[PDB]
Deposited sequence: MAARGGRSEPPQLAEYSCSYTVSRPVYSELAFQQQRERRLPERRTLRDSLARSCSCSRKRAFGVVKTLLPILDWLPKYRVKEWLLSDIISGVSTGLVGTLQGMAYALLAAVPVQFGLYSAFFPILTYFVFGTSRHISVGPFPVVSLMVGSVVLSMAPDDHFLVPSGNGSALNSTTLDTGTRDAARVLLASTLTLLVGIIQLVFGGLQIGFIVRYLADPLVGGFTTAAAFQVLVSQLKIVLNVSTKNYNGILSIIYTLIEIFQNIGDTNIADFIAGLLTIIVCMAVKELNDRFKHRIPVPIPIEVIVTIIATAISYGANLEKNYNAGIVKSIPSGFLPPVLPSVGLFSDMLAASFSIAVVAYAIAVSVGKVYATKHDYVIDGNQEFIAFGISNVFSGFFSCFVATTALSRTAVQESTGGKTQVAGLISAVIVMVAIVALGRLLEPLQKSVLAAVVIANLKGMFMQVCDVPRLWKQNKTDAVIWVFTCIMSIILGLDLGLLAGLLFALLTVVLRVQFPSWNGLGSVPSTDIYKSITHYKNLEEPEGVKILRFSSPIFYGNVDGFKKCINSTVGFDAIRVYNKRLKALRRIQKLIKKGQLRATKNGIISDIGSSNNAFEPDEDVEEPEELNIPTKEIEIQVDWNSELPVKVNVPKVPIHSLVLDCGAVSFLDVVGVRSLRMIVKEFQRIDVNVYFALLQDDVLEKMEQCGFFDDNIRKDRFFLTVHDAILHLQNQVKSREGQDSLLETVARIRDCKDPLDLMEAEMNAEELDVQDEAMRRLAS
């Protein structure tokens, strides 16, 4: 309707006098720590109710209808889990039997501390790759070769397959303990704002470039070539050239088998996703392609006939717990910190997707403790880092999943695949397992189509995507995440250092002020020049704030005062012998200021002092209360710059000048 007000021009002091303030809360640190820790039984039961989420949904189960859906979904993901687990184990340089352990022990721990319902904890292609980089860099192949075999001329320095795996397993298991501890520290100390720095373009660009390194790494298994485990700078570029140089030393059997299941698993996946309305339950294409693979490889002995690469290394048994090799945390702390954060970032991202669709909330701090205890419990049983794969958790939700009981039943399928089953997968070719991983890389390879979308959107978000994608390819993969966080935080500083300053003018017959570079019919007060400056002034944009003022007034407060004294010598010598035209005032619309950064507030007192010497007043328009209370402490309100210079509304500053020139020409 109508918007009419009638109030005096309360600048700063006409409003601060009659308005009583609130008494601030006293320090009383002695009572604060006492009031924090409660003694009632409600607080004691509350902290345990959220620490062990099993006491929430297990007593409130729905055996009538929920138990039936968990069994059919458990046996579904159990077959997909035991195959993806043994396939992702090749990305971490660990033997194939330790991949099944990563799909059994972490699930048993994510049943009493987990705060999700539709998350299948297990291996992950990106996370297992980062673990494999640590195992290869701290235990290479040329560090275990023993000279034996009565060679021709020199010592028979043959491969030392066998006892070499014990150096890789103890190294991978020790890494997971450090990963679990870091997650417990972030969850215990309630510090979770570090994961907020991993923006969606940063994680999207990181996973896209990580999919390339997985593609090159898995291509080595498909072509059955032998690289030199190049690690460091341009690791993916160097290993890609070595594969092309060793194309002749490939295996036709592994190539024709690996490329065949690549087309089959990908075509059926896109056919099932597109034609979802026909059949609700996705057909286990990854499972049926493995059963037919081990069946063909068993009849025709591809190990002896075509010299293919088979597993033939499944002992089909458990192992006693082994203590981690403590002492290697110094050379792995940098890599473990990156793995622990990227594992939690993917866990929450995938978890929140299936949380808003089934309308339930997932706690953030509990997710750290949940994966923290799982990684520690898996480290004591020779496992690698546990996460949640989007492809594996999609099977548990599509086939019907309600609680974590579907995952517990999925652990029984992996359970029988270790004690009794597992030996049947002996003649399975490693190229088939190296292909089901590439078939799931389609979800991350299609993320490149978001770069043109982010370019039409905020351009700074598209640069972070390309920066992280390239930096996670040139300089390793763990350093790419660190080089992306620093570049992302630097972009935030660049946006608050170079703000969007305008020339706000007045709209006729109203009180609203809009930018002069966006509208035409905006009138400005005669003599007054209004300037808006977002991105509150700090030590970095304090010099730019001076340039913004000099640009909107047309002159410089230093050169004008210099020319005055340079010309005043002629005026003061006439007795012995014998520019700032338009600017009347400067109303600074500092309404978007958040902090002060006293290093920068010293210039605000200087700016008023500079313009006061050239007969120009520098008023303020929209300073907040939390900033004005900060100026009083930083030594700004002296016997010259009083509070009357500040105002509450931008139109109040103009009314103060218009009423001042009428009573004083």
Missing CA stretches, deposited numbering from 1, N-terminus first: 1-17, 596-650, 738-780
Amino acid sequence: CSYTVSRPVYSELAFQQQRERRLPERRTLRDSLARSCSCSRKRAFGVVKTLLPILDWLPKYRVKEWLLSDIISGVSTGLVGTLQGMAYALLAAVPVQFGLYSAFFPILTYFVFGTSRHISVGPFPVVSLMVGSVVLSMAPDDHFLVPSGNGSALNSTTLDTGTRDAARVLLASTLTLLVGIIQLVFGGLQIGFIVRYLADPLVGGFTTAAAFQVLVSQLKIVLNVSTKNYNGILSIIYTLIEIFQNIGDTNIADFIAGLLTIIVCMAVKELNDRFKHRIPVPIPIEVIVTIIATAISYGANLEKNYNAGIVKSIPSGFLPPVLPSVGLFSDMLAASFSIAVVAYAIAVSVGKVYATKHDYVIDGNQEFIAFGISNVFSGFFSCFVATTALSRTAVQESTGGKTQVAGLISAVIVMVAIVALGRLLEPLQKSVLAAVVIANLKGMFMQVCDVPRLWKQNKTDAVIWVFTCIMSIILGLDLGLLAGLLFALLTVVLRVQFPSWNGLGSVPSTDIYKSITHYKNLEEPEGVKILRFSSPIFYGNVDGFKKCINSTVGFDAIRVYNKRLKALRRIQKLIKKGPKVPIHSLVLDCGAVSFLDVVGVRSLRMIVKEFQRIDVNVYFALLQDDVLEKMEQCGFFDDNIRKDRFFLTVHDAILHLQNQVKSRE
From here on, numbers count along this sequence of modelled residues.
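Only the largest set of C-alpha atoms that superpose within 1.5 Å between the two forms is called the rigid core.
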Relative to the presented form, and with the rigid core used for superposition, do the C-alpha atoms of 566-574 or of 590-598 deviate more in 4 other deposited structures of this protein? 566-574
Judged by RMS Cα deviation after a rigid core fit in 4 other deposited structures of this protein, the more variable of 510-518 and 137-145 is 137-145
